[PDB]
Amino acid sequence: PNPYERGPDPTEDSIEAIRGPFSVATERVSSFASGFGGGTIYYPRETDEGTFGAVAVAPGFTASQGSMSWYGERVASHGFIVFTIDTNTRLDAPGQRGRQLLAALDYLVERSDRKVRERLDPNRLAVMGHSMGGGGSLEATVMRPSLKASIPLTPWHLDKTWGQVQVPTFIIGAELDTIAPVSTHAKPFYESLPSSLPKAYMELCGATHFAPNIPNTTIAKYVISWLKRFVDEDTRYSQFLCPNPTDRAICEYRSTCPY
């Protein structure tokens, strides 16, 4: 009865694999908005089950080490349109990253190629971002409360409370991060999200600030599960999120389970 369910019933193995059940095509976009640079749209090829929600993925550094490219195929292969935002354009504030994320989403809705547009449900959009781009994910959910999910990855932001966020938010912290230390960024952000919000915090054992920028099974499996649970309202993925995951790669997990 869920019109948004895509793909077969998941298993732990299936969410830990290097790719999901959908094959993936790409559309390169040189500029999705003036001043914001370009990116690559990854989208599922199989259309039999209907249209898909979309997630824009922002970096936080003008440096190749800050690439967010790998989320494109990894997440799209589970049934999402994924817009990875290039690192080339330099942005120095989280608010700018929030606007960049929304500009990328608006491009998907209003100006993307027909092969993308015909696969898109414009009512089901999400944001994800690294570092200041993770601060931007937070910002975007206050700027656009209609978003369905937000995933700040090792987020950096000078503003420490997020009491206006009404979008289900999953914050991933890195235990040994000294650039956006979890004690002064990720954890204060999580604790200040409304107590009634569906939310979670996952801390990666031994990880540093750039852990999100390379393929990582633990990040991917829970990113996929969060997007399924909230972009698709797919409760087949609740089993992975509640009760709190206990993977060896995880050194702390907090949540408002049950969702």
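The first residue of the sequence shown is number 1, and the count goes up from there.
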| query | finding |
| --- | --- |
| Given 62-70 and 47-55, the range whose Cα B-factors average higher in the PDB entry | 62-70 |
| Higher-B stretch (mean Cα B-factor, as the entry records it), 93-101 or 112-120 | 112-120 |
| Of the residues 178, 88, 150, 154, the one carrying the largest Cα B-factor as recorded | 88 |
| Relative C-alpha B-factor of residue 192, binned into the chain's lowest, middle or highest third | middle |
| Modelled-residue ranking by C-alpha temperature factor, third containing residue 29 | highest |
| For residue 36, the third of its chain into which the C-alpha B factor falls | highest |
| Position of residue 107 among the chain's modelled residues by C-alpha B-factor, lowest, middle or highest third | highest |
